[PDB]
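Chains as they are written, first to last, in the authors' numbering: chain C, 1285 to 1333; chain B, 199 to 247.
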């Protein structure tokens, strides 16, 4: 037979497998971007969606 | 003798600074006449021609 899901029944199980990251996900290498503005405001194409 | 190159320029003596023209670059150039709006500083320069 297959193993019954723990949540499926009313017993309490005090040992469980818990998935976890090996080390902190916040490595401090936050994403940064080169925004580069339009050269001329009048030239901008608002049109077409 | 030894004249390396001979060009035909617009005459500075006629198109004086009193005309607003500056011919040192080989083209007439007048500051603050026609001039684009909505552009970064120094984008005005070509319009001087």
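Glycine included, each C-beta is placed from N, C-alpha and C at the ideal position.
Strictly by DSSP, which residues pair up with residue i?
i, result
"residue 1324 of chain C", "B:237"
Looking at the structure shown, is residue i part of a helix, part of a strand, or coil, going by DSSP?
i, result
"residue 1299 of chain C", "coil"
"residue 216 of chain B", "helix"
"residue 246 of chain B", "helix"
Are the Cβ atoms of residue i and residue j separated by less than 8 Å?
i, j, result
"residue 1362 of chain C", "residue 1328 of chain C", "Residue 1362 of chain C lies beyond the residue range present for chain C, which begins at 1285 and ends at 1333; the question has no answer from this structure."
"residue 200 of chain B", "residue 1325 of chain C", "no"
"residue 228 of chain B", "residue 218 of chain B", "yes"
TODO: Closer than 9 Å, Cβ to Cβ, to anything on chain C: give me those residues from the region 216–240 of chain B, in chain order.
DONE: For the region 216–240 of chain B, the set of positions with a beta-carbon nearer than 9 Å to some beta-carbon of chain C reads 234, 235, 236, 237 and 238 in chain order.
- [ ] Name, going along the chain, the residues of the region 1300–1325 of chain C whose beta-carbon falls closer than 8 Å to a beta-carbon of chain B.
- [x] 1323, 1324 and 1325
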